[PDB]
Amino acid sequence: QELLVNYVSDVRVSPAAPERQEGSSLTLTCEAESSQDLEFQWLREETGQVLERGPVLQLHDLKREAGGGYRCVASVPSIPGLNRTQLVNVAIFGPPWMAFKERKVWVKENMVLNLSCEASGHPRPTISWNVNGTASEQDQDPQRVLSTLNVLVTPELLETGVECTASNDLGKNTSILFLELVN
């Protein structure tokens, strides 16, 4: 027994996976098929902030920090709650970007640690460490990587510390972890 009900579907962004050089401009357009007139809005996935309403979002003079989540919201005014979202991930070309430059760890001497290192950049970077040992790479954002390495607390490591080097085809960035002890 047939039914005709209200709906919104097929929320498409264009371009789908934008790659832009720093300083260039980007124009994102949202599209949706639905059973009435629609309203459109743009969000900044990492924050709640609304950017511009309507189907097109115009960005200019892109810095590195403009990359990542943008979410289009395709709503119906006449039906509260009837919408659908679609995420677009913009990639800015740049060298690796360390999540932390210098940070400090409190440890005990008969201990092994799982240290971590985050970085961002396009193309997606890779990370290496200055101590021997196989590290595991977890990709979690088409531009972000989290490297994990197990080290044993030794006197020479308390002396030097430990540093992860995130590399990509556009350059390299580094980050160091200090190790300090029990009181």
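Note that residue numbering begins at 1 and tracks the sequence as displayed.
Remark: stretch with higher mean C-alpha B factor among 18 to 26 and 155 to 163 is 155 to 163. Set 120 to 128 against 44 to 52 and average the Cα temperature factors; 44 to 52 ends up higher.
Among all modelled residues in its chain, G68 ranks in the lowest third by Cα B-factor. Per the PDB record, residue ranking by Cα B-factor puts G81 in the highest third of the chain. Remark: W106 belongs to the highest third of its chain, ranked by C-alpha B-factor as recorded.
Sorting the modelled residues of the chain by their CA temperature factor places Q143 in the lowest third. In the deposited entry, the Cα temperature factor of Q58 sits in the bottom third of values across the chain's modelled residues.
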